[PDB]
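In structure tokens, one chain follows: the form deposited without the ligand.
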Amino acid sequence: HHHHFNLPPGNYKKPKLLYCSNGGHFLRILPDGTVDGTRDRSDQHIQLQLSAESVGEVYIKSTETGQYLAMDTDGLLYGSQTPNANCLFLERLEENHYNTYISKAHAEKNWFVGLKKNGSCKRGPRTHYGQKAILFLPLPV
């Protein structure tokens, strides 16, 4: 409706790491609810289980802590104990290869999940199509 519908080839059977090519960081949801990225592959908070809602919609959950990736009304990512409406993302194929995630609650504003080269999360309004920050590649755990 507000966005294209090219979907990635993967499935949600197994947990995945979401690797961001921008800076080479794995998306991480820390125990205290902070979200960032780390290059440390042995990190216990980068293992994520994705699950579907409607076709093309996913929840992103830390297998270690059970927290769901969520976006607040100012566009900031955080870890939520429960899977509310702001935990749903529109997962799409991008540049015919990568995966991108747009906040469903804020989809009309094009607020993406994105990581800066320094490993910190980008605020929703500062993301947009064409950035490397929004490009992820799911990898086996």
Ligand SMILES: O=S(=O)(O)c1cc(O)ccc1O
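Start at 1 and count along the sequence shown; that's the residue number.
Asker: Out of 22 to 30 and 79 to 87, which one has CA B-factors that are higher on average in the deposited record?
Answerer: Mean CA B-factor is higher for 22 to 30.
Asker: Comparing 41 to 49 with 97 to 105, where is the mean C-alpha B-factor higher?
Answerer: Of 97 to 105 and 41 to 49, the stretch with the higher C-alpha B-factor average is 41 to 49.
Asker: Would you check the entry's CA temperature factor for residue 134 and let me know if it's in the chain's lowest, middle or highest third?
Answerer: Lowest third of the chain for residue 134's C-alpha B-factor.
Asker: Quick check for you: using the entry's CA B-factors within this chain, is residue 67 in the lowest, middle or highest third?
Answerer: CA B-factor rank for residue 67: middle third.
The protein also exists as the form deposited with the ligand bound; that form is not presented, and the subsequent description refers to it.
Asker: Although the partner isn't part of this model, could you tell me whether residue 117 comes within 4.5 Å of the ligand in the bound PDB entry, counting any heavy atom of the residue?
Answerer: Result yes; residue 117 sits at the interface with the ligand in the bound PDB entry.
Asker: In the bound PDB entry, does residue 18 have a heavy atom within 4.5 Å of the ligand?
Answerer: Output for residue 18 is no: heavy atoms all beyond 4.5 Å of the ligand.
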